[PDB]
Every structure is written in structure tokens, then in C-alpha cells.
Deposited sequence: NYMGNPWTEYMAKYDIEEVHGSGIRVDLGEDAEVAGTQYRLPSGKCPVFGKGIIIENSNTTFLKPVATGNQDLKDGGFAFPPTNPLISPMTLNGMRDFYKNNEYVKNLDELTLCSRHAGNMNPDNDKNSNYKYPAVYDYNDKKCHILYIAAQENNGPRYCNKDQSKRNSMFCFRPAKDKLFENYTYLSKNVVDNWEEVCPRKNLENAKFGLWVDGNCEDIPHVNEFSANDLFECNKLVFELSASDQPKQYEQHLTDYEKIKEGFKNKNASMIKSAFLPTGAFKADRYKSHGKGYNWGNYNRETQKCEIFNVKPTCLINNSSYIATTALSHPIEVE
């Protein structure tokens, strides 16, 4: 299988290792244990819909983000962060997503050393890192839910564990003229069983895959560890989002198709 190295980033269980729709793959104490995001990959286009937009600072007149601080460490621009850490050579040159993740992970709420590290959102639109004070992602029993949405397409959801080489080992772009397959005896075969959801465009397919992807809460017991319906083959001609839950191990050339994952950006292709 010559696809092995290339397909590694699509082994979402291995490279991400946590929930995607809802990421709560670890626990940390602050006396009391709390659930918190721990996925190793950035989630492109993921945001939180409040049923106040969620990047507003916490106060129900407030959102999910860090309250104002002195100095203001959230929200903080990329340049603001690089300046803040200008003396730290291990941090100052990190890519924007990892830096945002490390910046959020810098703020210890236990003022003893604790393992609790806030998740974050980097907004590519105005180059701002938003530390999330609230790590919750769904409450549909304040009612809210995670989603991919046009309003969120420049948002990126970042756990404390985002790896510094995510660009190399994590999905971002959708693959044009390509279909996920399974390598069997020297040939790339079709995913034998897929779940067909109609979708008007690639965005809607990406949205659907996200909705069905690995999730660490319903709607240790609940942890997905990255297992789930994380991949989709979008047939742009029949407008079918072909969703499946086993890792792909090769690509098939097919101009009718675009290959997407729950982690991938909902628009960008390569």
C-alpha cells in the first residue's frame, strides 16, 4: 500500500484521538474533576450555536469566551500573542492555531499547578485567538449545540492538545476529484457500506459529517476516542453525502467526488 504515509492524516482515531462534534476526551482537576477537550487536531469551521454569540465573554447576557483581563490576554491577535511571548523561543514562532492553543493552555485557574487547560477558538477573519472559559459544547436537554455553519467558516476549534505539526498530520482541505476507498490486494476499492445523506453542496456534506462524527457526549463511559462517522465521500453530481465510520486507506480518482472529513474545512479544496 503506497497510500500509507499519505492516508495517515485520515486515521482520525490515531491523529486526533477524541470527539469532534463534542470533544471531551480527558478529565482534569481544579479538588473537583472536570471534562475538557483533548483532540490533537484543529476542527475547521466548528462553532457553537446559542439558541449573544458564543465568542462573547461570559457575563445569560454573555457567551463562552474569557472575561476581560489586565493585560487583555483574550481575545488576542496573532501579533499580540507573538509579542507577548517574544522572549520564549519555544512558543513565539508556533503556527497561529498551535500558538492559540498554547496561549489558552498557559492560563492556570488554580492560583497549585493543575492539569486544567481551556480550549480556544482562532478566528482567521480578524486573526484573533479567543480563549474559551466554557468548555461545554452541547446542552440540549442556556441551550446550545456545536455546528458547522456559514457564520463559523473562519472559526477553528482548538483543544489544549492541538499538535504543533497539525498541518503535516491533520486534515484541512477537501480532496477534489478524489474518493476515499479501502486498499485491498493492490487496488483501491470502494467503501463497501456507506450511509447516504442528500446534500446540496460540499458545505452541507461537511456539515452532515460533522453532525454524525465522533462525539464524547450523547444527543470514560462517553469518550469516543475518535471513533465515529468521521468521513464522507461527496458526489457533487448526484448530490449524495456518502458517510461512513471506518478509516479510509487509499484514494480513488473520480471527478464526480470530493473527499471530506468532520475535521476538514467546509469550503477549501485541493
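Residues 1 to 4, 35, 57 to 59, 68 to 73, 126, 157 to 170, 249 to 284 of the deposited sequence have no C-alpha coordinates in the structure.
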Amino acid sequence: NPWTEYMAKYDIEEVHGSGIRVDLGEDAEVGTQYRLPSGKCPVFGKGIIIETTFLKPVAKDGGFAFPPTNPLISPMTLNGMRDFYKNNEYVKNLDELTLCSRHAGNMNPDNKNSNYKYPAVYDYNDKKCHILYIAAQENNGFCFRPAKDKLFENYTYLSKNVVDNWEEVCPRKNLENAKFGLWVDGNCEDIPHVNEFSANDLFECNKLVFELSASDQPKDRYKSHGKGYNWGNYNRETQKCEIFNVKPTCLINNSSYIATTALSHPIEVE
From here on, numbers count along this sequence of modelled residues.
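Looking at the other PDB entries for this protein, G141 is absent from the model in a third or more of those that include the residues around it. Gaps at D220 occur in at least a third of the other compared entries of the protein that contain both adjacent residues. The PDB entry reports B-factors from which the mean C-alpha value can be compared for 129 to 137 and 191 to 199; the larger average falls on 129 to 137. For the two regions 68 to 76 and 100 to 108, the entry's Cα B-factors average higher over 68 to 76. Per the deposited coordinates, the residue with the largest Cα temperature factor out of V43, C205, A28, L212 is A28. Note on the listed residues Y124, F144, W166, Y85: the highest Cα temperature factor in the record is that of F144. When the modelled residues of the chain are ordered by C-alpha B-factor, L158 sits in the lowest third. Per-chain ranking of the deposited C-alpha B factor places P171 in the lowest third. The PDB entry assigns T249 a C-alpha temperature factor belonging to the middle third of its chain's modelled residues. For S224, the recorded CA temperature factor ranks within the middle third of the chain's modelled residues. In this PDB entry, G181 carries a Cα temperature factor that places it within the lowest third of its chain's modelled residues.
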